[PDB]
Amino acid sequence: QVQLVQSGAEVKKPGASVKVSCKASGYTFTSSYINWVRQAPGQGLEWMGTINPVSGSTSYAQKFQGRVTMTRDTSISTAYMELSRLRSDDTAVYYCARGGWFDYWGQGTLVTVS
């Protein structure tokens, strides 16, 4: 079946950077987008942005413009989300999801900024 598997929980100091990985399997990675979403403790889902793995083109949510980088490595079917200049309130569970409909979601990655 279609599956997105993310990298494990990470603990970061404020001001640092975090890179979350998203490994796609059970489908052609370059046949759809990868979306990134986050959810702060007890809060709602927040869109972060989309990457097109064919072109490498990205679109970021206004909130993260200037401190988020989305990349991919098509040789290993892996999408990456890097969030810079980490703040205490970036503590959240970060998700990757497949295509524009977010039809399959990764298990989530807890990033604690302490």
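Don't overthink the numbering: it's just position in the shown sequence, from 1.
- When the two stretches 82 to 90 and 45 to 53 are set side by side, the higher mean Cα temperature factor goes to 82 to 90.
- Note on 16 to 24 vs 96 to 104: mean CA B-factor is higher in 16 to 24.
- Per the deposited record, the Cα B-factor of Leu4 falls in the lowest third when ranked against the other modelled residues of its chain.
- Sort the modelled residues of the chain by CA B factor and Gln62 lands in the highest third.
- For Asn35, the recorded CA B-factor ranks within the lowest third of the chain. Only modelled residues enter the ranking.
- Ranked by Cα temperature factor within the chain, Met70 sits in the lowest third according to the deposited record.
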